[PDB]
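**Q** Before we start, here is the structure in question, set down as structure tokens.
Protein chains: 2
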Amino acid sequence: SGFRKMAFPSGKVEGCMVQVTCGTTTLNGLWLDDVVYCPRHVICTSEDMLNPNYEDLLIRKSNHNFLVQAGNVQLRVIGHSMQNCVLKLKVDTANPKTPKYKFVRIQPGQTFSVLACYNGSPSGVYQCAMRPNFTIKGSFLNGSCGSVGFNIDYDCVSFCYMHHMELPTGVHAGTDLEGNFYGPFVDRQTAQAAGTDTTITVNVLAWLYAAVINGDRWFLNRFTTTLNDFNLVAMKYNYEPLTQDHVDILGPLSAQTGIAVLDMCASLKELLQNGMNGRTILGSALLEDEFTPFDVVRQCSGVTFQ
Amino acid sequence: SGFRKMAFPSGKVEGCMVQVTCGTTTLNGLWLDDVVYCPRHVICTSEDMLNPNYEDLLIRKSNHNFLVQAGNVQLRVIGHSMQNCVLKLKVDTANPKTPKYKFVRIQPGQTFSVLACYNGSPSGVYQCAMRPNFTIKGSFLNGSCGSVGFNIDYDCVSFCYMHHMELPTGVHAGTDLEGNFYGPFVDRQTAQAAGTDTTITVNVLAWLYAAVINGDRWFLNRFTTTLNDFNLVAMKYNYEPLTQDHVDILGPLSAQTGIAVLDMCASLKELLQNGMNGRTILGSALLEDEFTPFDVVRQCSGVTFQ
Ligand SMILES: *[C@H](O)[C@H](C[C@@H]1CCNC1=O)NC(=O)[C@H](CC(C)C)NC(=O)[C@@H](NC(=O)OCc1ccccc1)[C@@H](C)OC(C)(C)C
Ligand SMILES: *[C@H](O)[C@H](C[C@@H]1CCNC1=O)NC(=O)[C@H](CC(C)C)NC(=O)[C@@H](NC(=O)OCc1ccccc1)[C@@H](C)OC(C)(C)C
Numbered sequence: 001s002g003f004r005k006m007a008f009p010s011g012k013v014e015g016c017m018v019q020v021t022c023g024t025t026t027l028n029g030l031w032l033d034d035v036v037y038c039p040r041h042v043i044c045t046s047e048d049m050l051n052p053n054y055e056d057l058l059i060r061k062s063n064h065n066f067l068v069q070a071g072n073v074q075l076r077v078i079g080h081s082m083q084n085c086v087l088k089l090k091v092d093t094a095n096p097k098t099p100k101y102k103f104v105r106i107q108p109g110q111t112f113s114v115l116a117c118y119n120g121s122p123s124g125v126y127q128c129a130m131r132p133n134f135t136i137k138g139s140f141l142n143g144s145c146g147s148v149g150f151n152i153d154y155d156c157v158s159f160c161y162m163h164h165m166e167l168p169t170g171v172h173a174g175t176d177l178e179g180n181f182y183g184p185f186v187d188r189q190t191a192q193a194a195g196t197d198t199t200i201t202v203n204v205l206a207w208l209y210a211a212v213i214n215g216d217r218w219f220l221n222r223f224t225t226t227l228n229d230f231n232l233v234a235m236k237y238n239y240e241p242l243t244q245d246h247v248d249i250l251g252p253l254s255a256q257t258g259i260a261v262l263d264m265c266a267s268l269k270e271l272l273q274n275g276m277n278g279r280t281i282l283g284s285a286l287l288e289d290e291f292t293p294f295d296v297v298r299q300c301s302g303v304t305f306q
Numbered sequence: 001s002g003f004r005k006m007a008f009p010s011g012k013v014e015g016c017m018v019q020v021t022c023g024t025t026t027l028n029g030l031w032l033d034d035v036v037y038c039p040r041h042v043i044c045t046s047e048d049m050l051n052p053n054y055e056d057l058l059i060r061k062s063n064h065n066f067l068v069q070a071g072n073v074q075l076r077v078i079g080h081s082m083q084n085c086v087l088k089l090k091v092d093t094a095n096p097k098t099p100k101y102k103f104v105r106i107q108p109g110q111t112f113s114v115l116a117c118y119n120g121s122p123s124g125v126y127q128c129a130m131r132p133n134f135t136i137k138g139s140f141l142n143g144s145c146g147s148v149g150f151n152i153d154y155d156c157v158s159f160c161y162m163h164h165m166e167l168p169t170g171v172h173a174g175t176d177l178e179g180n181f182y183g184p185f186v187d188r189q190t191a192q193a194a195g196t197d198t199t200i201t202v203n204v205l206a207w208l209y210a211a212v213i214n215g216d217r218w219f220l221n222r223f224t225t226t227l228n229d230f231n232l233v234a235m236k237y238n239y240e241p242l243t244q245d246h247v248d249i250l251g252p253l254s255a256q257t258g259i260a261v262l263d264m265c266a267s268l269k270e271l272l273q274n275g276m277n278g279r280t281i282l283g284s285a286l287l288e289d290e291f292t293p294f295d296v297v298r299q300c301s302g303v304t305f306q
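So the sequence lines, in the order shown, correspond to chains A and A'. A prime marks a further copy of an entry chain.
The entry's author numbering numbers the first residue of the first sequence as 1 and each following residue consecutively.
The entry's author numbering numbers the first residue of the second sequence as 1 and each following residue consecutively.
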């Protein structure tokens, strides 16, 4: 029993974090096979950040201007290129600790673990979700740039996020590992609006299922509702519309608890309409939306990795 | 910027989790040097759990009745003993992945990371606190027994917790690595009350400091208060009494933010007396108490490990 926001074990990703330096700027890179991946703004000064011509800036640099350090072991750069907003530094040695990996672009609402690093050394790990407006609400200080987000599927690490910037909100923006930003953001120190965020409705329902499984069932009400009537409530409350796809993925949770999806929708409707009267659900006084239906299944299934 | 409940990177502890089997019962053990540590109730059946005579039960067992598996590598048990509520199995090979480690008994209010495992394979990682009533509110299913809690100080892993049981609350109880329970609990399937829990006041203040650092300052009020007057409010609200020791440890936070400890005490007093009016602090509608003053300093300092 019990429900906790749980991150993947970070061992396989720790053995891939290196420190990349170019000029005075130092940040974290990801070392897989004989390639090091890091934010391309490692090549910028503080002044360059206001309006960088990245192709121009990169031309001034050669292989030896890039210092890659792995702990204290240290790598020879023999090729460099820019893929969108990441740089790829070709080094002379494969990472002997390269896990089975792949690069994936995740979708809004999906969750992932973040290993926050500084100077190429891991600091801590926490779990979060790609918000529908393609930001994440993380914990990132100066030098955490290049820290990565990932999921683990038994032995295979799916890298999905690399940290690039903080916005004027304290929210965070970043790219996949092909260097394509999530969201409309660019890697420039110029005012950028995230846009209206919305609540991940299918994740809220999954959490509400997780609550029922763990004994907390006071919100379980008398009522039911329709998909369209519930959706009509979701949008006054800035919730993402619920589709039949969302119903289907909550199916397993529906059948383990014996509660139809639409009856949970109605319970969630009165919660949106009436508040919590200062009660809590799984130790929270807010409706929690960074658990996917798979995060719930996996936590009350006990799935392991290595 | 940003504030997240962050766990230590689990890499050093992953390389120590093994699977221990005795009879039909299987659980997790911790393999350091040539010794494997695990809950002594691995030696019990389901019926034994109601009232176990552990010394008697252990006499029926020999070295070869204990199957230790590390991934698929596999260990030869050449000695076994019972230290309080842990068994120690002497194996024929040192763990080549033994980190610099030590065993520590932590105090109520301190925090630690938990690596939840099943069958000796890590499943996920999350952070928590030893509640003042010596329970933890974790996420533990059948077979997670023997999963450990730890802190990391640069390169040194301080193991402080091993999971043994769930109580009739869904809260969790366990031992240090010398096998001494935290709390008044015994390893028997007999009704056991945790006792009244209280809120870790010095941790709440630290979080409130963390909030100020991250821009959230609406609760910062006009008032101040005295240690004794605040304490008189803390105990109607089941808060732990605040000592001058607690003031001193909040000192660094006091000086980085320029807010006297007693003025935060008064802000926290009206929060206890008046609620949050449905507002939030660092994305929570509850007063958060599983961040120590060091967890705060370390997260807005960017301390790394390896
Ligand atoms: C790299 O380690 C660092 C990590 C940042 C700094 C502290 N926390 C973080 O997450 N990242 C950068 O320096 C990064 C480089 C860009 C190329 C991606 N820049 C930023 O994070 C800035 N973000 C930014 O300028 O966004 C657009 C903007 C918003 C508001 C006002 C003007 C422009 C940071 C440094 O800017 C702050 C945090 C808004 C001051
Ligand atoms: C070992 O993997 C397993 C882990 C438990 C089970 C699922 N979640 C967990 O945290 N632990 C045990 O089987 C453990 C063995 C004891 C020697 C420590 N026993 C328990 O966790 C039981 N706890 C218990 O009996 O506490 C006293 C008690 C409370 C309430 C009623 C009677 C006795 C569990 C199995 O008992 C439940 C969870 C109360 C059913």
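Idealized CB from N, CA, C, for every residue including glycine.
Let's see if you can read the secondary structure: which residues bound the beta strand (DSSP E) around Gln69 of chain A?
**A** Taking the first sequence and counting its residues from 1, the one referred to as residue 69 of chain A is at position 69. Its beta strand (DSSP E) spans residues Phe66 to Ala70.
**Q** Can you find a CB in chain A' that lies within less than 9 Å of the CB of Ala7 of chain A?
**A** Counting from 1 along the first sequence, the entry for residue 7 of chain A is found at position 7. Taking Cβ atoms only, chain A' reaches closer than 9 Å to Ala7 of chain A, which makes this a yes.
**Q** Answer yes or no: does any C-beta atom of chain A fall closer than 9 Å to that of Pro96 of chain A'?
**A** For the purposes of this step, residue 96 of chain A' is taken as the residue at position 96 of the second sequence. No, because no Cβ of chain A sits closer than 9 Å to the Cβ of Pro96 of chain A'.
**Q** Skipping 5 residues on each side, what residues in its chain have a beta carbon closer than 7 Å to that of residue 327 of chain A?
**A** Any question about residue 327 of chain A goes unanswered here, given that chain A covers just 1 to 306.
**Q** Shortest alpha-carbon distance to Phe134 of chain A belongs to which of A:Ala193, A:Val18, A:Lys100 and A:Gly278?
**A** If you number the first sequence from 1, residue 134 of chain A lands on position 134. Of A:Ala193, A:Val18, A:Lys100 and A:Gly278, the residue nearest in Cα terms is A:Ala193.
**Q** Nearest-angstrom Cα distance between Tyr154 of chain A' and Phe294 of chain A'?
**A** Within the second sequence, residue 154 of chain A' is the residue found at index 154, counting from 1. Within the second sequence, residue 294 of chain A' is the residue found at index 294, counting from 1. Their Cα atoms are separated by approximately 14 Å.
**Q** Figure out for me which residue from A:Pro99, A:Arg105, A:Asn72 and A:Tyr37 has the closest Cα to the Cα of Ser81 of chain A.
**A** One-based indexing of the first sequence puts residue 81 of chain A at position 81. Here the closest residue by C-alpha is A:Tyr37.
**Q** Give a yes or no on whether the minimum CB-CB distance between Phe66 of chain A' and chain A is below 9 Å.
**A** The residue labelled residue 66 of chain A' in the question sits at position 66 within the second sequence. For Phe66 of chain A', the answer is no, since every Cβ of chain A falls outside 9 Å of its Cβ.
**Q** Straight-line CA distance for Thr304 of chain A' to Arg222 of chain A?
**A** Here residue 304 of chain A' refers to the residue found at position 304 when the second sequence is read from its first residue. Here residue 222 of chain A refers to the residue found at position 222 when the first sequence is read from its first residue. Rounded to the nearest angstrom, the two C-alpha atoms are 51 Å apart.
**Q** Identify which residue in A:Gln244, A:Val91 and A:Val157 has its Cα closest to the Cα of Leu177 of chain A.
**A** As a working mapping, residue 177 of chain A is identified with position 177 in the first sequence. That would be A:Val157, whose Cα lies nearest to the Cα of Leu177 of chain A.
**Q** Put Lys269 of chain A' into one of helix, strand or coil per three-state DSSP.
**A** Mapped onto the second sequence, residue 269 of chain A' falls at position 269. For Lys269 of chain A', the three-state secondary structure derived from DSSP is helix.
**Q** Compute the distance between the beta-carbons of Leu27 of chain A' and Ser123 of chain A', then report whether it is under 9 Å.
**A** Start at 1 with the first residue of the second sequence, and residue 27 of chain A' comes out as number 27. Start at 1 with the first residue of the second sequence, and residue 123 of chain A' comes out as number 123. Going by C-beta atoms, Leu27 of chain A' is not nearer than 9 Å to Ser123 of chain A'.
**Q** Between which two residues does the alpha helix (DSSP H) containing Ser254 of chain A stretch?
**A** By one-based count along the first sequence, residue 254 of chain A stands at place 254. Note, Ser254 of chain A: alpha helix (DSSP H), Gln244 to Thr257.
**Q** Got a sec, what are the start and stop residues for the alpha helix (DSSP H) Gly11 of chain A' sits in?
**A** The residue labelled residue 11 of chain A' in the question sits at position 11 within the second sequence. First-last of the alpha helix (DSSP H) with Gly11 of chain A': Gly11 to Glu14.
**Q** Who does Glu166 of chain A' pair with in a DSSP beta bridge?
**A** Position 166 of the second sequence, counted from the first residue, corresponds to residue 166 of chain A'. Partner residues in the beta bridge of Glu166 of chain A', as assigned by DSSP, are A':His172.
**Q** When every heavy atom of ligand 2 is checked, does at least one fall within less than 8 Å of the C-beta of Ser121 of chain A'?
**A** Locating residue 121 of chain A' in the second sequence gives position 121, where the first residue counts as 1. Flag unset: Cβ of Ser121 of chain A' not near ligand 2.
**Q** Apart from the five residues on each side of it in sequence, which residues of its chain come closer than 8 Å, Cβ to Cβ, to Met235 of chain A?
**A** As a working note, residue 235 of chain A is residue 235 in the first sequence. Same-chain partners within the cutoff: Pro241.
**Q** Taking only beta-carbon positions, decide if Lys137 of chain A is within less than 9 Å of chain A'.
**A** Within the first sequence, numbered from 1, the residue matching residue 137 of chain A stands at position 137. Yes, because at least one Cβ of chain A' sits closer than 9 Å to the Cβ of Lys137 of chain A.
**Q** Beta carbon of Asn142 of chain A: closer than 8 Å to some heavy atom of ligand 1?
**A** Locating residue 142 of chain A in the first sequence gives position 142, where the first residue counts as 1. Yes - ligand 1 has a heavy atom lying nearer than 8 Å to the Cβ of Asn142 of chain A.
**Q** Look up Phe112 of chain A in the DSSP assignment and say whether it is helix, strand or coil.
**A** In the first sequence, the residue the question calls residue 112 of chain A occupies position 112. Residue state, collapsed to three classes: strand.
**Q** With a Cβ-Cβ cutoff of 9 Å, do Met130 of chain A' and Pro99 of chain A' count as a contact?
**A** Stepping through the second sequence from its first residue, residue 130 of chain A' is reached at position 130. Stepping through the second sequence from its first residue, residue 99 of chain A' is reached at position 99. No, the pair does not count as a contact, with Cβ atoms beyond the cut-off.
**Q** Given that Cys117 of chain A touches chain A', what residues does it touch there, using C-beta distances under 8 Å?
**A** Within the first sequence, residue 117 of chain A is the residue found at index 117, counting from 1. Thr304, listed in chain order.
**Q** In chain order, what residues of the segment 177-196 of chain A' put their CB closer than 8 Å to some CB of chain A?
**A** none
**Q** For the segment 273-291 of chain A, enumerate the residues whose C-beta is nearer than 9 Å to any C-beta of chain A', in chain order.
**A** Within the segment 273-291 of chain A, the residues whose Cβ lies closer than 9 Å to some Cβ of chain A' are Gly275, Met276, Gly278, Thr280, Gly283, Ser284, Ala285 and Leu286, listed in chain order.
**Q** With a threshold of 9 Å between beta carbons, is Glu14 of chain A' in contact with chain A?
**A** As a first step, residue 14 of chain A' is located in the second sequence; it is residue number 14 there, counting from the start. Answer yes: the Cβ-Cβ gap between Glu14 of chain A' and chain A drops below 9 Å somewhere.
**Q** Less than 8 Å between the CB atoms is what I'm expecting for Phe3 of chain A and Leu282 of chain A, so what's the real figure, rounded?
**A** For the purposes of this step, residue 3 of chain A is taken as the residue at position 3 of the first sequence. For the purposes of this step, residue 282 of chain A is taken as the residue at position 282 of the first sequence. With a Cβ gap of about 5 Å, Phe3 of chain A and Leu282 of chain A count as contacting.
**Q** In its own chain, which residues sit with a C-beta less than 6 Å from the C-beta of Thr201 of chain A', not counting the 5 before and 5 after it?
**A** Counted from its first residue, the second sequence places residue 201 of chain A' at position 201. So the qualifying residues of the chain are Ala234, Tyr239, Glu240 and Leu242.
**Q** So that I know if they touch, is there some Cβ in chain A' lying closer than 9 Å to that of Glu270 of chain A?
**A** On the first sequence, residue 270 of chain A is found 270 positions in, with the first residue counted as 1. With 9 Å as the cut-off, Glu270 of chain A does not count as an interface residue toward chain A'.
**Q** With distances taken Cα to Cα, identify the nearest neighbour of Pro39 of chain A among A:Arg60, A:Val86, A:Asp33 and A:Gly15.
**A** Position 39 of the first sequence, counting from 1, holds the residue named residue 39 of chain A. Residue A:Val86 is the option with its Cα nearest to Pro39 of chain A.
**Q** Answer yes or no: do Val148 of chain A and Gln127 of chain A have a C-beta to C-beta separation smaller than 9 Å?
**A** Taking the first residue of the first sequence as position 1, residue 148 of chain A is located at position 148. Taking the first residue of the first sequence as position 1, residue 127 of chain A is located at position 127. Their beta carbons are not under 9 Å apart, which means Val148 of chain A does not touch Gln127 of chain A by this criterion.
**Q** Could you tell me if the beta carbon of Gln189 of chain A falls within a distance shorter than 8 Å of some heavy atom in ligand 1?
**A** Within the first sequence, residue 189 of chain A is the residue found at index 189, counting from 1. At least one heavy atom of ligand 1 is nearer than 8 Å to the Cβ of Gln189 of chain A, so yes.
**Q** Rounded to whole angstroms, what is the Cα-Cα separation between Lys97 of chain A and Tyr118 of chain A'?
**A** Numbered from 1 along the first sequence, position 97 holds the residue referred to as residue 97 of chain A. Numbered from 1 along the second sequence, position 118 holds the residue referred to as residue 118 of chain A'. If I take the Cα positions, the gap works out to 24 Å.
**Q** Please state if the CB of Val35 of chain A and the CB of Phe66 of chain A are separated by a distance shorter than 9 Å.
**A** Within the first sequence, the letter at position 66 stands for residue 66 of chain A. Within the first sequence, the letter at position 35 stands for residue 35 of chain A. No. Outside cutoff.
**Q** Beta carbon of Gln110 of chain A: closer than 8 Å to some heavy atom of ligand 2?
**A** Position 110 of the first sequence, counted from the first residue, corresponds to residue 110 of chain A. Checking every heavy atom of ligand 2 against the Cβ of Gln110 of chain A, none is found closer than 8 Å.
**Q** Residue range of the beta strand (DSSP E) that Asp153 of chain A' falls in?
**A** Within the second sequence, the letter at position 153 stands for residue 153 of chain A'. Per DSSP, the continuous beta strand (DSSP E) segment holding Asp153 of chain A' begins and ends at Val148 to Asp153.
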